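Participant: Sharing structure_11.pdb here; it has PDB, C-alpha atoms.
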MODEL        1
ATOM      1  CA  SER A 459       6.084-101.536 -54.568  1.00  0.00           C
ATOM      2  CA  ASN A 460       5.221-105.218 -54.221  1.00  0.00           C
ATOM      3  CA  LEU A 461       3.390-107.193 -56.887  1.00  0.00           C
ATOM      4  CA  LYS A 462      -0.294-107.965 -56.474  1.00  0.00           C
ATOM      5  CA  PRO A 463      -1.172-111.684 -56.588  1.00  0.00           C
ATOM      6  CA  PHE A 464      -1.516-112.915 -60.175  1.00  0.00           C
ATOM      7  CA  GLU A 465      -0.277-109.490 -61.323  1.00  0.00           C
ATOM      8  CA  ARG A 466       2.993-108.755 -63.116  1.00  0.00           C
ATOM      9  CA  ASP A 467       4.687-105.688 -64.587  1.00  0.00           C
ATOM     10  CA  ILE A 468       7.965-105.514 -66.517  1.00  0.00           C
ATOM     11  CA  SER A 469       9.901-102.301 -67.132  1.00  0.00           C
ATOM     12  CA  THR A 470      13.476-101.051 -67.421  1.00  0.00           C
ATOM     13  CA  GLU A 471      12.897 -97.876 -65.388  1.00  0.00           C
ATOM     14  CA  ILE A 472      15.725 -97.352 -62.908  1.00  0.00           C
ATOM     15  CA  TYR A 473      14.609 -97.710 -59.301  1.00  0.00           C
ATOM     16  CA  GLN A 474      15.630 -94.598 -57.356  1.00  0.00           C
ATOM     17  CA  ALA A 475      15.771 -94.313 -53.578  1.00  0.00           C
ATOM     18  CA  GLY A 476      13.563 -91.567 -52.191  1.00  0.00           C
ATOM     19  CA  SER A 477      16.372 -89.998 -50.161  1.00  0.00           C
ATOM     20  CA  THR A 478      18.920 -90.155 -53.030  1.00  0.00           C
ATOM     21  CA  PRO A 479      17.074 -89.540 -56.306  1.00  0.00           C
ATOM     22  CA  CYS A 480      18.960 -89.669 -59.602  1.00  0.00           C
ATOM     23  CA  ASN A 481      16.225 -88.646 -62.103  1.00  0.00           C
ATOM     24  CA  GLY A 482      18.467 -89.065 -65.167  1.00  0.00           C
ATOM     25  CA  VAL A 483      21.084 -91.742 -64.431  1.00  0.00           C
ATOM     26  CA  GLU A 484      21.790 -94.969 -62.544  1.00  0.00           C
ATOM     27  CA  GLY A 485      23.562 -93.068 -59.788  1.00  0.00           C
ATOM     28  CA  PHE A 486      24.071 -93.632 -56.090  1.00  0.00           C
ATOM     29  CA  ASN A 487      21.302 -95.703 -54.476  1.00  0.00           C
ATOM     30  CA  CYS A 488      19.836 -96.162 -57.980  1.00  0.00           C
ATOM     31  CA  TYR A 489      19.597 -99.785 -59.124  1.00  0.00           C
ATOM     32  CA  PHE A 490      18.427-101.394 -62.343  1.00  0.00           C
ATOM     33  CA  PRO A 491      15.331-103.574 -61.772  1.00  0.00           C
ATOM     34  CA  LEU A 492      16.906-106.630 -63.425  1.00  0.00           C
ATOM     35  CA  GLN A 493      19.867-108.570 -62.036  1.00  0.00           C
ATOM     36  CA  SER A 494      21.787-111.499 -63.483  1.00  0.00           C
ATOM     37  CA  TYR A 495      20.766-115.076 -62.704  1.00  0.00           C
ATOM     38  CA  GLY A 496      22.611-118.270 -63.581  1.00  0.00           C
ATOM     39  CA  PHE A 497      23.900-121.608 -62.350  1.00  0.00           C
ATOM     40  CA  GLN A 498      27.146-123.576 -62.388  1.00  0.00           C
ATOM     41  CA  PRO A 499      27.940-127.300 -62.076  1.00  0.00           C
ATOM     42  CA  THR A 500      29.815-126.766 -58.795  1.00  0.00           C
ATOM     43  CA  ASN A 501      26.690-125.373 -57.107  1.00  0.00           C
ATOM     44  CA  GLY A 502      25.269-127.439 -54.270  1.00  0.00           C
ATOM     45  CA  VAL A 503      21.924-129.208 -54.211  1.00  0.00           C
ATOM     46  CA  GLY A 504      20.208-126.161 -52.726  1.00  0.00           C
ATOM     47  CA  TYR A 505      21.840-123.969 -55.388  1.00  0.00           C
ATOM     48  CA  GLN A 506      21.086-126.118 -58.447  1.00  0.00           C
ATOM     49  CA  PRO A 507      18.415-124.956 -60.917  1.00  0.00           C
TER
ENDMDL
END
Could you spell out this file's structure in structure tokens?

Facilitator:
Amino acid sequence: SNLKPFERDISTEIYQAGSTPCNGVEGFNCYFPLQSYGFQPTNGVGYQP
């Protein structure tokens, strides 16, 4: 679900689509909550940190 204002929760539980549950693995339609995030010198002004 979406975060409440001024509310935050952090967990490593794998998000599982309702129609394609995994229940024990990062399978199809199952995504880890965290995704990489970085920057490079070649990035444009809108892409700079």

Participant: Rounded to one decimal in Å, what is the spacing between atom CA of residue 479 of chain A and atom CA of residue 491 of chain A?

Facilitator: 15.2 Å

Participant: Would you compute the distance between atom CA of residue 484 of chain A and atom CA of residue 471 of chain A? Give it in Å to one decimal.

Facilitator: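 Those two atoms sit 9.8 Å apart.
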
Participant: To one decimal in Å, tell me the separation between atom CA of residue 460 of chain A and atom CA of residue 493 of chain A.

Facilitator: 16.9 Å

Participant: Produce the centre coordinates and the three edge lengths, each in Å to one decimal, of the box along x, y and z that contains all listed atoms of segment 491-498 of chain A with 8 Å added on each side, as AutoDock Vina command-line options.

Facilitator:
--center_x 21.2 --center_y -113.6 --center_z -62.7 --size_x 27.8 --size_y 36.0 --size_z 17.8

Participant: With distances taken over all atoms listed in the file, which residue among A:475, A:480, A:470, A:506 lies nearest residue 492 of chain A?

Facilitator: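 Once distances to residue 492 of chain A are computed over all atoms listed in the file, the minimum belongs to A:470.
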
Participant: If I only have part of segment 479-507 of chain A, can you fill in N, CA and C atoms and write it as an mmCIF file, in the frame of the given file?

Facilitator:
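Contents of the output file rebuild_9.cif:
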data_model
loop_
_atom_site.group_PDB
_atom_site.id
_atom_site.type_symbol
_atom_site.label_atom_id
_atom_site.label_comp_id
_atom_site.auth_asym_id
_atom_site.auth_seq_id
_atom_site.Cartn_x
_atom_site.Cartn_y
_atom_site.Cartn_z
ATOM 1 N N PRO A 479 17.556 -89.440 -54.924
ATOM 2 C CA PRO A 479 17.074 -89.540 -56.306
ATOM 3 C C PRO A 479 18.178 -89.256 -57.313
ATOM 4 N N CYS A 480 18.070 -89.908 -58.471
ATOM 5 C CA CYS A 480 18.960 -89.669 -59.602
ATOM 6 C C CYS A 480 18.285 -88.835 -60.684
ATOM 7 N N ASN A 481 17.143 -89.302 -61.181
ATOM 8 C CA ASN A 481 16.225 -88.646 -62.103
ATOM 9 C C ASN A 481 16.747 -88.613 -63.539
ATOM 10 N N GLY A 482 18.008 -88.951 -63.795
ATOM 11 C CA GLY A 482 18.467 -89.065 -65.167
ATOM 12 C C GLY A 482 19.559 -90.088 -65.402
ATOM 13 N N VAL A 483 19.934 -90.845 -64.371
ATOM 14 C CA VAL A 483 21.084 -91.742 -64.431
ATOM 15 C C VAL A 483 20.913 -92.843 -63.392
ATOM 16 N N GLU A 484 21.689 -93.914 -63.553
ATOM 17 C CA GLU A 484 21.790 -94.969 -62.544
ATOM 18 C C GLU A 484 22.904 -94.604 -61.562
ATOM 19 N N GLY A 485 22.604 -93.615 -60.726
ATOM 20 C CA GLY A 485 23.562 -93.068 -59.788
ATOM 21 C C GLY A 485 23.547 -93.780 -58.452
ATOM 22 N N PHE A 486 24.007 -93.064 -57.429
ATOM 23 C CA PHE A 486 24.071 -93.632 -56.090
ATOM 24 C C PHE A 486 22.676 -93.998 -55.600
ATOM 25 N N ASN A 487 22.565 -95.176 -54.986
ATOM 26 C CA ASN A 487 21.302 -95.703 -54.476
ATOM 27 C C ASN A 487 20.268 -95.897 -55.581
ATOM 28 N N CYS A 488 20.704 -95.905 -56.837
ATOM 29 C CA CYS A 488 19.836 -96.162 -57.980
ATOM 30 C C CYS A 488 20.253 -97.486 -58.603
ATOM 31 N N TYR A 489 19.312 -98.425 -58.686
ATOM 32 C CA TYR A 489 19.597 -99.785 -59.124
ATOM 33 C C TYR A 489 18.682 -100.164 -60.277
ATOM 34 N N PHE A 490 19.237 -100.877 -61.252
ATOM 35 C CA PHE A 490 18.427 -101.394 -62.343
ATOM 36 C C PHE A 490 17.496 -102.487 -61.821
ATOM 37 N N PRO A 491 16.247 -102.546 -62.296
ATOM 38 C CA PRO A 491 15.331 -103.574 -61.772
ATOM 39 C C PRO A 491 15.835 -104.994 -61.968
ATOM 40 N N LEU A 492 16.492 -105.275 -63.090
ATOM 41 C CA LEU A 492 16.906 -106.630 -63.425
ATOM 42 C C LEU A 492 18.328 -106.897 -62.951
ATOM 43 N N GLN A 493 18.553 -108.113 -62.457
ATOM 44 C CA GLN A 493 19.867 -108.570 -62.036
ATOM 45 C C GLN A 493 20.123 -109.951 -62.620
ATOM 46 N N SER A 494 21.400 -110.244 -62.859
ATOM 47 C CA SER A 494 21.787 -111.499 -63.483
ATOM 48 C C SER A 494 21.266 -112.689 -62.680
ATOM 49 N N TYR A 495 21.244 -113.848 -63.332
ATOM 50 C CA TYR A 495 20.766 -115.076 -62.704
ATOM 51 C C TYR A 495 21.271 -116.245 -63.532
ATOM 52 N N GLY A 496 22.004 -117.151 -62.890
ATOM 53 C CA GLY A 496 22.611 -118.270 -63.581
ATOM 54 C C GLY A 496 22.982 -119.359 -62.600
ATOM 55 N N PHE A 497 23.530 -120.444 -63.143
ATOM 56 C CA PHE A 497 23.900 -121.608 -62.350
ATOM 57 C C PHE A 497 25.193 -122.196 -62.895
ATOM 58 N N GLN A 498 25.898 -122.923 -62.033
ATOM 59 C CA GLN A 498 27.146 -123.576 -62.388
ATOM 60 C C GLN A 498 27.140 -125.016 -61.894
ATOM 61 N N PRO A 499 27.918 -125.898 -62.528
ATOM 62 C CA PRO A 499 27.940 -127.300 -62.076
ATOM 63 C C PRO A 499 28.380 -127.467 -60.632
ATOM 64 N N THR A 500 29.291 -126.621 -60.147
ATOM 65 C CA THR A 500 29.815 -126.766 -58.795
ATOM 66 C C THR A 500 28.808 -126.378 -57.721
ATOM 67 N N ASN A 501 27.677 -125.786 -58.095
ATOM 68 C CA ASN A 501 26.690 -125.373 -57.107
ATOM 69 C C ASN A 501 26.133 -126.583 -56.364
ATOM 70 N N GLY A 502 25.814 -126.377 -55.085
ATOM 71 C CA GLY A 502 25.269 -127.439 -54.270
ATOM 72 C C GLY A 502 23.810 -127.718 -54.579
ATOM 73 N N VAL A 503 23.286 -128.758 -53.928
ATOM 74 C CA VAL A 503 21.924 -129.208 -54.211
ATOM 75 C C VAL A 503 20.939 -128.059 -54.037
ATOM 76 N N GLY A 504 21.082 -127.299 -52.949
ATOM 77 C CA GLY A 504 20.208 -126.161 -52.726
ATOM 78 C C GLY A 504 20.404 -125.033 -53.717
ATOM 79 N N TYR A 505 21.531 -125.018 -54.427
ATOM 80 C CA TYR A 505 21.840 -123.969 -55.388
ATOM 81 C C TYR A 505 21.635 -124.400 -56.835
ATOM 82 N N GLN A 506 21.285 -125.665 -57.080
ATOM 83 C CA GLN A 506 21.086 -126.118 -58.447
ATOM 84 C C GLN A 506 19.768 -125.584 -59.006
ATOM 85 N N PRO A 507 19.672 -125.426 -60.325
ATOM 86 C CA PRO A 507 18.415 -124.956 -60.917
ATOM 87 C C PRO A 507 17.316 -125.999 -60.803
#
